[PDB]
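Coordinates as given in work.pdb (PDB, C-alpha atoms):
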```
ATOM      1  CA  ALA A   1     -96.650 -27.590-103.397  1.00  0.00           C
ATOM      2  CA  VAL A   2     -96.443 -24.655-105.904  1.00  0.00           C
ATOM      3  CA  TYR A   3     -95.250 -20.921-105.269  1.00  0.00           C
ATOM      4  CA  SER A   4     -95.406 -20.918-109.006  1.00  0.00           C
TER       5      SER A   4
ATOM      6  CA  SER B   1     -88.022 -28.057-107.529  1.00  0.00           C
ATOM      7  CA  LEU B   2     -90.895 -26.386-105.698  1.00  0.00           C
ATOM      8  CA  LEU B   3     -90.581 -29.332-103.274  1.00  0.00           C
ATOM      9  CA  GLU B   4     -87.047 -28.421-102.216  1.00  0.00           C
ATOM     10  CA  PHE B   5     -87.860 -24.688-102.360  1.00  0.00           C
ATOM     11  CA  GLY B   6     -90.896 -24.998-100.032  1.00  0.00           C
ATOM     12  CA  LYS B   7     -88.918 -26.965 -97.475  1.00  0.00           C
ATOM     13  CA  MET B   8     -86.039 -24.399 -97.487  1.00  0.00           C
ATOM     14  CA  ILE B   9     -88.472 -21.543 -96.960  1.00  0.00           C
ATOM     15  CA  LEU B  10     -90.216 -23.401 -94.094  1.00  0.00           C
ATOM     16  CA  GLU B  11     -86.832 -24.225 -92.501  1.00  0.00           C
ATOM     17  CA  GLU B  12     -85.585 -20.724 -92.875  1.00  0.00           C
ATOM     18  CA  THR B  13     -88.604 -18.698 -91.824  1.00  0.00           C
ATOM     19  CA  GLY B  14     -90.845 -21.103 -90.147  1.00  0.00           C
ATOM     20  CA  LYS B  16     -93.755 -20.053 -92.567  1.00  0.00           C
ATOM     21  CA  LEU B  17     -95.300 -22.426 -95.094  1.00  0.00           C
ATOM     22  CA  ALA B  18     -94.549 -21.408 -98.695  1.00  0.00           C
ATOM     23  CA  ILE B  19     -98.198 -21.753 -99.622  1.00  0.00           C
ATOM     24  CA  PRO B  20     -99.979 -19.640 -98.325  1.00  0.00           C
ATOM     25  CA  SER B  21     -97.397 -17.196 -97.005  1.00  0.00           C
ATOM     26  CA  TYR B  22     -95.331 -16.675-100.114  1.00  0.00           C
ATOM     27  CA  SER B  23     -97.472 -18.035-102.986  1.00  0.00           C
ATOM     28  CA  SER B  24     -99.743 -14.974-103.395  1.00  0.00           C
ATOM     29  CA  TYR B  25     -97.758 -12.157-101.850  1.00  0.00           C
ATOM     30  CA  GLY B  26     -97.425  -8.709-103.482  1.00  0.00           C
ATOM     31  CA  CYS B  27     -96.651  -8.530-107.147  1.00  0.00           C
ATOM     32  CA  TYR B  28     -93.892 -11.161-107.528  1.00  0.00           C
ATOM     33  CA  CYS B  29     -94.194 -14.081-105.005  1.00  0.00           C
ATOM     34  CA  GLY B  30     -96.033 -16.603-107.089  1.00  0.00           C
ATOM     35  CA  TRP B  31     -97.554 -16.858-110.417  1.00  0.00           C
ATOM     36  CA  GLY B  32     -97.053 -13.088-110.909  1.00  0.00           C
ATOM     37  CA  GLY B  33     -94.580 -10.984-112.851  1.00  0.00           C
ATOM     38  CA  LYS B  34     -95.705  -7.369-113.305  1.00  0.00           C
ATOM     39  CA  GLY B  35     -95.099  -3.932-111.828  1.00  0.00           C
ATOM     40  CA  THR B  36     -93.082  -2.478-108.952  1.00  0.00           C
ATOM     41  CA  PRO B  37     -92.340  -4.893-106.056  1.00  0.00           C
ATOM     42  CA  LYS B  38     -94.290  -3.735-102.981  1.00  0.00           C
ATOM     43  CA  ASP B  39     -91.744  -4.315-100.216  1.00  0.00           C
ATOM     44  CA  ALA B  40     -88.435  -6.069 -99.409  1.00  0.00           C
ATOM     45  CA  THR B  41     -90.067  -9.511 -99.367  1.00  0.00           C
ATOM     46  CA  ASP B  42     -91.681  -8.886-102.741  1.00  0.00           C
ATOM     47  CA  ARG B  43     -88.227  -7.798-103.926  1.00  0.00           C
ATOM     48  CA  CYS B  44     -86.799 -11.140-102.887  1.00  0.00           C
ATOM     49  CA  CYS B  45     -89.397 -12.758-105.168  1.00  0.00           C
ATOM     50  CA  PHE B  46     -88.552 -10.358-108.029  1.00  0.00           C
ATOM     51  CA  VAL B  47     -84.812 -11.179-107.810  1.00  0.00           C
ATOM     52  CA  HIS B  48     -85.719 -14.886-107.542  1.00  0.00           C
ATOM     53  CA  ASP B  49     -87.818 -14.624-110.712  1.00  0.00           C
ATOM     54  CA  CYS B  50     -84.861 -12.851-112.429  1.00  0.00           C
ATOM     55  CA  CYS B  51     -82.570 -15.594-111.193  1.00  0.00           C
ATOM     56  CA  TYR B  52     -84.752 -18.312-112.849  1.00  0.00           C
ATOM     57  CA  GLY B  53     -84.904 -16.029-115.902  1.00  0.00           C
ATOM     58  CA  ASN B  54     -81.106 -16.421-116.237  1.00  0.00           C
ATOM     59  CA  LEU B  55     -81.692 -20.107-116.862  1.00  0.00           C
ATOM     60  CA  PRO B  56     -83.468 -20.743-120.190  1.00  0.00           C
ATOM     61  CA  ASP B  59     -82.985 -24.380-120.654  1.00  0.00           C
ATOM     62  CA  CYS B  61     -83.431 -25.341-117.042  1.00  0.00           C
ATOM     63  CA  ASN B  67     -86.980 -26.396-115.388  1.00  0.00           C
ATOM     64  CA  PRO B  68     -87.089 -24.889-111.857  1.00  0.00           C
ATOM     65  CA  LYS B  69     -90.392 -26.275-110.891  1.00  0.00           C
ATOM     66  CA  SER B  70     -89.707 -29.818-111.571  1.00  0.00           C
ATOM     67  CA  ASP B  71     -86.023 -30.204-111.627  1.00  0.00           C
ATOM     68  CA  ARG B  72     -84.802 -31.786-108.293  1.00  0.00           C
ATOM     69  CA  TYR B  73     -81.583 -30.843-106.513  1.00  0.00           C
ATOM     70  CA  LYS B  74     -79.986 -31.867-103.242  1.00  0.00           C
ATOM     71  CA  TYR B  75     -78.849 -29.595-100.434  1.00  0.00           C
ATOM     72  CA  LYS B  76     -77.635 -30.064 -96.852  1.00  0.00           C
ATOM     73  CA  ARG B  77     -77.382 -27.869 -93.759  1.00  0.00           C
ATOM     74  CA  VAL B  78     -73.945 -27.246 -92.284  1.00  0.00           C
ATOM     75  CA  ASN B  79     -74.810 -25.691 -88.921  1.00  0.00           C
ATOM     76  CA  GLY B  80     -77.670 -23.665 -90.334  1.00  0.00           C
ATOM     77  CA  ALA B  81     -75.727 -22.816 -93.557  1.00  0.00           C
ATOM     78  CA  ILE B  82     -77.391 -23.933 -96.857  1.00  0.00           C
ATOM     79  CA  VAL B  83     -74.928 -25.896 -98.986  1.00  0.00           C
ATOM     80  CA  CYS B  84     -75.993 -26.883-102.533  1.00  0.00           C
ATOM     81  CA  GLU B  85     -74.750 -30.398-103.347  1.00  0.00           C
ATOM     82  CA  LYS B  86     -73.196 -31.198-106.695  1.00  0.00           C
ATOM     83  CA  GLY B  88     -75.891 -32.364-109.547  1.00  0.00           C
ATOM     84  CA  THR B  89     -76.319 -31.223-113.094  1.00  0.00           C
ATOM     85  CA  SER B  90     -75.355 -27.663-113.909  1.00  0.00           C
ATOM     86  CA  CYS B  91     -79.110 -26.728-114.044  1.00  0.00           C
ATOM     87  CA  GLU B  92     -79.692 -28.261-110.578  1.00  0.00           C
ATOM     88  CA  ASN B  93     -76.652 -26.399-109.160  1.00  0.00           C
ATOM     89  CA  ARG B  94     -77.754 -23.027-110.488  1.00  0.00           C
ATOM     90  CA  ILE B  95     -81.423 -23.568-109.511  1.00  0.00           C
ATOM     91  CA  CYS B  96     -80.368 -24.408-105.953  1.00  0.00           C
ATOM     92  CA  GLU B  97     -78.307 -21.184-105.716  1.00  0.00           C
ATOM     93  CA  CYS B  98     -81.283 -19.058-106.839  1.00  0.00           C
ATOM     94  CA  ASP B  99     -83.519 -20.747-104.195  1.00  0.00           C
ATOM     95  CA  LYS B 100     -80.881 -20.470-101.447  1.00  0.00           C
ATOM     96  CA  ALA B 101     -80.590 -16.724-102.123  1.00  0.00           C
ATOM     97  CA  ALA B 102     -84.385 -16.322-102.000  1.00  0.00           C
ATOM     98  CA  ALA B 103     -84.686 -18.277 -98.698  1.00  0.00           C
ATOM     99  CA  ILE B 104     -82.083 -16.079 -97.034  1.00  0.00           C
ATOM    100  CA  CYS B 105     -83.602 -12.967 -98.514  1.00  0.00           C
ATOM    101  CA  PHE B 106     -86.915 -14.043 -96.966  1.00  0.00           C
ATOM    102  CA  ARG B 107     -85.243 -14.672 -93.584  1.00  0.00           C
ATOM    103  CA  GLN B 108     -83.575 -11.225 -93.749  1.00  0.00           C
ATOM    104  CA  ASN B 109     -86.840  -9.435 -94.339  1.00  0.00           C
ATOM    105  CA  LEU B 110     -89.183 -11.285 -91.950  1.00  0.00           C
ATOM    106  CA  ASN B 111     -89.380  -8.164 -89.785  1.00  0.00           C
ATOM    107  CA  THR B 112     -91.264  -6.306 -92.494  1.00  0.00           C
ATOM    108  CA  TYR B 113     -93.428  -9.136 -93.831  1.00  0.00           C
ATOM    109  CA  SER B 114     -97.021  -7.719 -93.914  1.00  0.00           C
ATOM    110  CA  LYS B 115    -100.265  -9.672 -94.197  1.00  0.00           C
ATOM    111  CA  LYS B 116    -101.688  -6.682 -96.069  1.00  0.00           C
ATOM    112  CA  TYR B 117     -99.779  -7.966 -99.108  1.00  0.00           C
ATOM    113  CA  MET B 118    -101.133 -11.547 -98.987  1.00  0.00           C
ATOM    114  CA  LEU B 119    -103.552 -12.252-101.875  1.00  0.00           C
ATOM    115  CA  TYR B 120    -102.590  -8.933-103.365  1.00  0.00           C
ATOM    116  CA  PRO B 121    -104.819  -7.996-106.356  1.00  0.00           C
ATOM    117  CA  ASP B 122    -103.276  -8.055-109.797  1.00  0.00           C
ATOM    118  CA  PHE B 124    -104.717  -4.454-110.905  1.00  0.00           C
ATOM    119  CA  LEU B 125    -102.505  -2.848-108.222  1.00  0.00           C
ATOM    120  CA  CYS B 126     -99.528  -4.293-109.731  1.00  0.00           C
ATOM    121  CA  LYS B 127     -98.332  -1.202-111.608  1.00  0.00           C
ATOM    122  CA  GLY B 128     -95.171   0.193-113.205  1.00  0.00           C
ATOM    123  CA  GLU B 129     -92.131  -1.571-114.581  1.00  0.00           C
ATOM    124  CA  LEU B 130     -88.843  -3.031-113.547  1.00  0.00           C
ATOM    125  CA  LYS B 131     -86.186  -4.717-115.817  1.00  0.00           C
ATOM    126  CA  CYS B 133     -83.874  -7.765-114.133  1.00  0.00           C
TER     127      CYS B 133
END
```

Could you show the structure in this file as structure tokens?
Amino acid sequence: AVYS
Amino acid sequence: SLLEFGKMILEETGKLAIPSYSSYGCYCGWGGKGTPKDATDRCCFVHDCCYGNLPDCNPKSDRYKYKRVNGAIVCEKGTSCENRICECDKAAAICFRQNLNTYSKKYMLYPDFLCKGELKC
């Protein structure tokens, strides 16, 4: 997971 | 953390965080330059500003707990960093839900060079  | 944030977003909007919100417009994701492209992108801008209000917290890794009270997001009590991170995320999730009507695929994978102008938090 990573939307940053 | 991004783990809790992804699950909120999915619950709220029914879209997966990656790829729907990880490369959208100028602020959802990695990014941080220019004028936000639309309401959704604005949610990401305000969310980035929200994290920016927390210096000594770690939003990407720090884990908080939250529960649903008939749909309502309720941040459960952890460290002060976890509490404030959860509130930033909760606001973003709702902002996303509020703007679903104008979400546009045209802004997915939006190129960096078109991310022009300036905006201060």

Margin query: Taking 5 positions as the minimum chain separation for residues in the same chain, which residues sit within 12 Å of residue A:4 when counting only C-alpha atoms? Answer as a VMD selection string.
Written below: chain B and resid 1 to 3 5 to 6 18 to 20 22 to 25 28 to 33 45 48 to 49 52 67 to 70

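Rounded to one decimal, atom CA of residue B:93 and atom CA of residue B:108 lie 22.7 Å from each other.
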
Next item on the list: Could you tell me which residues the PyMOL selection byres ((chain B and resi 75-85) around 10) grabs in this file, written as a list in words?
Entry: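 Taken on the displayed file, the PyMOL selection byres ((chain B and resi 75-85) around 10) yields the residues residues 4, 8, 11, 12, 73, 74, 86, 88, 89, 92, 93, 94, 95, 96, 97, 99, 100, 101, 103 and 104 of chain B.
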
Check: Once the PyMOL selection byres ((chain B and resi 35) around 12) has been applied to the shown file, what residues remain in the selection, as a PyMOL selection string?
Finding: chain B and resi 26-28+32-34+36-38+42-43+46+121-122+124-131

Notebook entry, point to check: Mind telling me what the PyMOL selection byres ((chain B and resi 112) around 9) catches here, as a list in words?
Noted result: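 Checked against the file, the PyMOL selection byres ((chain B and resi 112) around 9) matches residues 39, 40, 41, 109, 110, 111, 113 and 114 of chain B.
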
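With distances restricted to all atoms listed in the file, B:17 is the closest residue to residue A:3 from B:107, B:51, B:117, B:17.
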
Next item on the list: Take atom CA of residue B:14 and atom CA of residue B:119 and report the distance between them in Å, one decimal.
Entry: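 Straight-line distance from atom CA of residue B:14 to atom CA of residue B:119 works out to 19.4 Å.
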
Note to self: So the first atom is atom CA of residue B:61 and the second is atom CA of residue B:16; what is the distance between them in Å, to one decimal place?
What the structure shows: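 Rounded to one decimal, the two atoms are 27.1 Å apart.
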
Note to self: Ranking B:21, B:105, B:133, B:13 by minimum distance to chain A and counting all atoms listed in the file, which one comes first?
What the structure shows: B:21

Next item on the list: Between B:115, B:7, B:56, B:71, single out the one closest to chain A, counting only C-alpha atoms.
Entry: B:7
